[PDB]
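Below, in structure tokens: the form deposited in one PDB entry, a single chain.
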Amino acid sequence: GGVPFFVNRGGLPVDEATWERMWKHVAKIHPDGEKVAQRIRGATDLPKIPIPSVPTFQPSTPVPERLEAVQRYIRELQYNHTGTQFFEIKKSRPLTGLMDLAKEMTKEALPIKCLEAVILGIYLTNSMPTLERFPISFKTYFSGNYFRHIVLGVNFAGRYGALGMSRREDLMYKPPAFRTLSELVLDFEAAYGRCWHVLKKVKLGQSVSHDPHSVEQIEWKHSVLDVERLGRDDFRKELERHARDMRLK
């Protein structure tokens, strides 16, 4: 008794006003947007989309292979180009709440951007106890605009890599291969330089608990580096100073 009408349950399907809001926006950000909407909506001709399966690992599977499969799962959700934000992410939520969201993201299987990927990367690597995970944020400048981008830094047995999502191949995944944290960060700085972006700020998070019931928040801004005020060698030493206060804390 009691037909389900669970207004507190999230997930697709979404209401008709929200649905229109996306298509209205699509006509605005695409040259022939109205024709895109007309052709996609109602067409009985749309491909089926499979739900990506979250990888499962044998206990003997090495951590670098697990990282590649985790990054690949994150990629097959696809980068969100639709104009919409599909998930509301409050960065000050307790980790346990952020992990509920990550699980929901795996069940809804919608496109994502950089922050969803960071959340998913933590969720999907909590089960790897020898892997340290910590967010890395970049603020860049280009052509009259400031841009913000975040990835999940990782450390496996002394080597630094990264999981993430970006429109650019060189601004996300990095295999755990760098010997130092400054090499990982300078690698992202070079990739930004390739596209004439000026790196203004690097924010280094603290390492994130592996306990998915943890009520602690993520420390997103444990170290903040003003790269232009630092120069070059003070930058490298401040990065190595955070990494040591990361391995001792």
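Residues that one form lacks are left out of the comparison. Each form is matched to the other, and the largest set of C-alpha atoms that superpose within 1.5 Å is called the rigid core. In case it trips you up, residue 1 is the first one in the sequence shown, and so on.
This next part talks about the form solved in complex with a partner chain, which is not shown.
Visitor: Could you tell me which stretch in 121 to 129, 154 to 162, 173 to 181, 138 to 146 has residues with non-hydrogen atoms within 4.5 Å of its partner chain in the deposited bound form?
Guide: Answer to the contact question: 138 to 146.
Visitor: Please tell me whether the candidate spot formed by 134, 206 and 243 is one where all three residues come within 4.5 Å of its partner chain in the deposited bound form (heavy atoms).
Guide: Per the other structure, none of 134, 206 and 243 touch its partner chain.
Visitor: Quick one: does residue 192 come within 4.5 Å of its partner chain in the deposited bound form, counting heavy atoms only?
Guide: Yes, residue 192 sits close enough to its partner chain in the deposited bound form that at least one of its heavy atoms falls within 4.5 Å.
Visitor: Is residue 166 close enough to its partner chain in the deposited bound form to count, meaning some heavy atom within 4.5 Å?
Guide: Yes - in the deposited bound form, heavy atoms of residue 166 and its partner chain come within 4.5 Å of each other.
Visitor: Whether residue 102 contacts its partner chain in the deposited bound form should be assessed with a 4.5 Å heavy atom distance threshold; does it?
Guide: Contact check for residue 102: no, nothing within 4.5 Å of its partner chain in the deposited bound form.
Visitor: Using heavy atoms and a 4.5 Å limit, would one call residue 90 a contact residue for its partner chain in the deposited bound form?
Guide: No - in the deposited bound form, heavy atoms of residue 90 and its partner chain never come within 4.5 Å of each other.
Visitor: Counting only residues modelled in both forms, where do runs of 3+ with a CA shift of at least 2 Å appear between the shown form and the other one, relative to the core?
Guide: Only this run moves by 2 Å or more: 15 to 17.
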